[PDB]
Every structure is written in structure tokens, then in C-alpha cells.
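Visitor: What follows is a single structure, and I will ask about it in a moment.
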Amino acid sequence: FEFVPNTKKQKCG
Amino acid sequence: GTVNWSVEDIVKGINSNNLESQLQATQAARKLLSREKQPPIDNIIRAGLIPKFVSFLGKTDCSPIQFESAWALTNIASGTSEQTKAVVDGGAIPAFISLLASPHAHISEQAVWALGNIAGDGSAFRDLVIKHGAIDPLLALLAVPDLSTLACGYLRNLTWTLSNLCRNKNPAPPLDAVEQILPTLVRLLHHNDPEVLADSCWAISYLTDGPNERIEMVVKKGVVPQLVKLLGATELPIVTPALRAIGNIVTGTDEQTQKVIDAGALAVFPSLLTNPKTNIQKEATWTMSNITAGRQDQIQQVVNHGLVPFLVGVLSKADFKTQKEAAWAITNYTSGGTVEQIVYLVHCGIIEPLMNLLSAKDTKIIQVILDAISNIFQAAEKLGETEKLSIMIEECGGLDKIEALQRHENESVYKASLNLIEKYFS
């Protein structure tokens, strides 16, 4: 398993 | 009330010219777009709603519709490049930048988030966000005596968005933008929150992924000791980017690499080179390979820290991609090391695991291994001990493989295997 940055983030709450 | 509206009813409400009806419909849109399973982004775009949402960002007297429209557009911009482009094409960038100064913290934060999604699409939209002037008001939100007085979520969002302004290449971010951001970034890199630390490290890793001048801008701000501290964190979301940043830095000049060594990084590598996550072992061995490509006194600190046995270990047993980095770290070491240093490799047991890797298919690793063997023989010659090594190589089956290599598709392999056998084994 590899940790990676988040390119885009949806706001679900 | 606003749950499970049809797009048709959202459209009717937005087009009503009753602000409160438009607010309810925009909230209904927001709720649709907040669902994790197949949010109907394309249906909302096709309904023509982006320009209306963008106008609602400017309704200072109805802060709820500002918030709901910001959220809806955040989630459109969280999609594909085409979906993000629809948001940009609607004029959302300057509207969101104007909301950064909003007295309503949740609206400012939503604008920070939307801008992070837009900038994260790619270099062009990143640079367009910068040209519209986003950096000054973003940095102003963090210009406080102690970051701990900010809400945790707000700070994590600001850090993440700044990280996207530091991300991507072809081109890298504008130099003046990076210089403007770096002092705030260095403060975030000392913050106590694990998500802020992780994203600060990712940002530094992007800034150091480039030519030596970009590395130097970062190193000059004195971040290397903190990176080395975070290299030891328990949280793998922190270690991973800290290690990427350190790895990038040691692709720079010998003097930049020396700052990493002086800060104590090598003492972390017994753990990194045995880390149960294969990605960490790989990146740690890649980092090592660019340190052993350094000066003889830097090789010597690798020796002094006890790291040669750890390289023998990875070469003996690791994921094959890690073993490849280890072969490179050994070739580099043999290329630049003193004769004493190269001899030490053999005494630590490098030959057998190196030979066992000559049975691998990757033709590039074989070239690397063969190059290291030559370098090692060349060092033994200077001591007259070529036969002792030749024996060693024979007894573990290496000569068998070196010979089979004489008959391998690649011709640099051909030539290299031949010269070894002719020159040392006859």
C-alpha cells in the first residue's frame, strides 16, 4: 500500500 | 425538504427570480452533488446551472446562497478536468477569490476548498488561479501569531489548497509564487496536526521535485531538520511525503545532500530500509542510491551509520523494484568509493546477493550489476586480490550466470560478461 496526495476532494458533508 | 429533488425542479427553482426559492433549489443541488455514489455532475452542468451558481457567489446579502452555491461548485470542480473547466469557464475563479475575505468563516473555507480543486486540476489552472491573485488573500488567512487558534478543518483546507498551488510541473509554479508561499509553508510544516504535516510535506516534496535552484529555495529556508524529524513520525501519511522530499533533495548538489546528512537523516535508515511498507523501502533505497552517488566522505558516512549491511539485506530479500534501487545504490557506491570502501562491501557480504540477481529478466539491472562487479574487481586489482574475488564469485554460482550472460539478447551485456570472464577468470 502507498500513501498519495489528494488531487481533488469532494465535500460530502 | 431539499432531499432528492429532480434536476428539473432545481432548474425551476433557480429560474424563479425569488431569492429564497433559488436558495432552496441551490441547496437541493448541493445535496445531490454531495452524494458519494455517482453525483450527477454532468446533469447539473447540462442544465445550465453553473452561471447561476457563480452569480450567487456574489449575493453578499444572502450568505446562505453564497455557501450553498460555493459548495455545489466545489463538488462540480472536484470531478474531471472537463467538469472543472466548466466551473472555470463560468467565471468562478475571481468570484471565489473575492469570498476568501468573507466575514463568514465557513464561506471563506468553502472558497479555499473550491480553489484547491481548480488549482489541482493542472499547471494551467493552477497558474490561472495565481494570476487572478489568490495567494495574497490565502496567505492573509494564515497570518496569525499561532496557527493553533484556527479551526482544525479550516487549517487543513488552507494547507491542502496551498499544496495544490505548489504541485505539478511543465511548468513548475512561478518562482515568485513559490517564494511568496514558502514562509507560510515552513510554519505549517512545524504545526502539530498530522494532516497539516502530511500536506505540508507533500507541498515541500513538490517544490523539491525539480532543478537544483528549486531545491535550493526550499533548503535555504532551513526545513531539512524538520523533514528529518518527520521522517521518523509514526504516521505513514507523514513519513511517505517527508521521505519523498528528502529523496528529492539528495538529487541536488553534494552540498544540498550534505545538509540532509548533517541533519541526522542516515540514522533513520535502518528502520526505513526494513520498513514493512514496500513503497517506503523502495523510496528509502532510491534515496540511498543518490547518497552513494555523492562524495567519498558522504559514502563514508553511509558506512559509519552501518547502512551497508542494510543494503545487503534489501538486495538479499525485498520487492524486486526495491532490489533494483539497491543494485543502483551499490553501483554508485562502487563508482565513487575508495578502494577501502569498496572492499568493505565485499566483507559485508555483497557478492552473493548481487550474483543471485543476475538471474533476473530486467536487462537494465544486469547491466548495473555487471558494472558494479567490474568496479569491485578494479578495486581488488589495486590490491592484487582479483583471484580471491573470482573464487568467491565461482563458489556462489556467479560465474555460471556471468557465462550464461555471454549469450543474452542485449549486447552491452554480451560485452560486459565477456570482458569479466576473459580478464579475471582465465
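Identifiers in this document derive from the order of the C-alpha cells: chains are assigned A, B, ..., residues are numbered from 1 separately in each chain, and ligands are numbered from 1 in order of occurrence.
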Quick one: contact table of region 258-365 of chain B to chain A, 12 Å max, nearest atom pair and distance in Å to one decimal per residue, counting only C-alpha atoms, chain and number order, as CSV?

Guide:
```
residue,atom,partner,partner_atom,distance
B:276,CA,A:1,CA,10.1
B:277,CA,A:1,CA,6.7
B:278,CA,A:1,CA,7.5
B:279,CA,A:2,CA,6.0
B:280,CA,A:2,CA,8.2
B:281,CA,A:2,CA,11.2
B:282,CA,A:2,CA,10.9
B:283,CA,A:2,CA,10.9
```

Visitor: May I have the residues of chain B within 9 Å of chain A, counting only C-alpha atoms, written as number ranges by chain?

Guide: B: 31, 33-36, 71-72, 74-79, 113-114, 116-118, 120-121, 160, 164, 198-199, 202, 236-238, 240-241, 277-280

Visitor: I'd like the neighbourhood of region 90-107 of chain B as a tab-separated table (two decimals) with N, CA, C and O atoms, in the first residue's frame, where a residue qualifies if any of its atoms comes within 7 Å (using only C-alpha atoms), though same-chain residues fewer than 2 positions away should be ignored.

Guide:
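As written to disk, out-v5.tsv reads:
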```
chain	number	residue	atom	x	y	z
B	50	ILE	N	-24.27	26.30	-13.91
B	50	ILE	CA	-23.04	26.89	-13.39
B	50	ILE	C	-23.10	28.42	-13.37
B	50	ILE	O	-22.72	29.01	-12.35
B	51	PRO	N	-23.49	29.10	-14.45
B	51	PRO	CA	-23.52	30.57	-14.39
B	51	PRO	C	-24.41	31.12	-13.29
B	51	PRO	O	-24.09	32.17	-12.69
B	54	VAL	N	-22.53	30.75	-10.06
B	54	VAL	CA	-21.47	31.75	-9.97
B	54	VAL	C	-22.05	33.11	-9.61
B	54	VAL	O	-21.50	33.83	-8.78
B	57	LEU	N	-22.56	33.44	-5.90
B	57	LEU	CA	-21.39	33.69	-5.08
B	57	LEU	C	-21.27	35.17	-4.72
B	57	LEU	O	-20.69	35.51	-3.69
B	58	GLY	N	-21.83	36.05	-5.54
B	58	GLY	CA	-21.75	37.47	-5.26
B	58	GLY	C	-22.90	38.07	-4.45
B	58	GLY	O	-22.92	39.29	-4.27
B	67	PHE	N	-22.89	30.25	0.36
B	67	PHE	CA	-22.35	29.00	0.86
B	67	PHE	C	-22.82	27.82	0.04
B	67	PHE	O	-22.02	26.97	-0.37
B	86	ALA	N	-15.64	23.54	-16.76
B	86	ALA	CA	-16.96	24.18	-16.78
B	86	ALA	C	-17.07	25.23	-15.69
B	86	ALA	O	-17.59	26.34	-15.93
B	87	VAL	N	-16.52	24.93	-14.51
B	87	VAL	CA	-16.58	25.87	-13.38
B	87	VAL	C	-15.72	27.09	-13.67
B	87	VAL	O	-16.18	28.24	-13.54
B	88	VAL	N	-14.49	26.87	-14.12
B	88	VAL	CA	-13.62	27.98	-14.52
B	88	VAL	C	-14.25	28.81	-15.63
B	88	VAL	O	-14.21	30.05	-15.59
B	109	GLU	N	-13.77	29.29	3.95
B	109	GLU	CA	-13.26	27.94	3.85
B	109	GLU	C	-13.79	27.23	2.60
B	109	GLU	O	-13.05	26.48	1.94
B	110	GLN	N	-15.08	27.41	2.27
B	110	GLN	CA	-15.59	26.74	1.07
B	110	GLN	C	-14.90	27.28	-0.20
B	110	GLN	O	-14.66	26.52	-1.15
B	111	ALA	N	-14.54	28.54	-0.21
B	111	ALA	CA	-13.85	29.14	-1.35
B	111	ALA	C	-12.42	28.64	-1.43
B	111	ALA	O	-11.89	28.44	-2.53
B	112	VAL	N	-11.80	28.45	-0.27
B	112	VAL	CA	-10.46	27.87	-0.22
B	112	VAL	C	-10.49	26.49	-0.86
B	112	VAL	O	-9.66	26.13	-1.70
B	129	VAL	N	-5.28	30.50	-11.38
B	129	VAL	CA	-5.66	30.89	-10.02
B	129	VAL	C	-4.65	31.87	-9.45
B	129	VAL	O	-5.02	32.88	-8.84
B	132	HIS	N	-5.07	35.36	-11.08
B	132	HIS	CA	-6.23	36.11	-10.57
B	132	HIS	C	-5.98	36.63	-9.15
B	132	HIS	O	-6.84	37.30	-8.58
B	134	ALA	N	-4.88	34.83	-6.10
B	134	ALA	CA	-5.34	34.06	-4.95
B	134	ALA	C	-4.35	34.01	-3.79
B	134	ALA	O	-4.77	33.81	-2.65
B	137	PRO	N	-4.64	36.77	-0.53
B	137	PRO	CA	-5.71	36.53	0.45
B	137	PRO	C	-5.66	35.16	1.10
B	137	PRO	O	-6.08	35.03	2.26
B	138	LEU	N	-5.19	34.13	0.41
B	138	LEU	CA	-4.98	32.86	1.07
B	138	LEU	C	-3.96	33.00	2.20
B	138	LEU	O	-4.17	32.51	3.31
```

Visitor: Near region 389-404 of chain B, counting only C-alpha atoms, which residues have an atom at most 9 Å away, once you skip same-chain residues fewer than 4 positions from it, shown as a PyMOL selection string?

Guide: chain B and resi 346+351-352+354-356+358-359+370+376-377+380+385+408+416-418+420-421+424-425

Visitor: In Å, with one decimal, what is the gap from CA of residue 45 (chain B) to CA of residue 17 (chain B)?

Guide: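 Spanning CA of residue 45 (chain B) to CA of residue 17 (chain B) is a straight-line distance of 19.8 Å.
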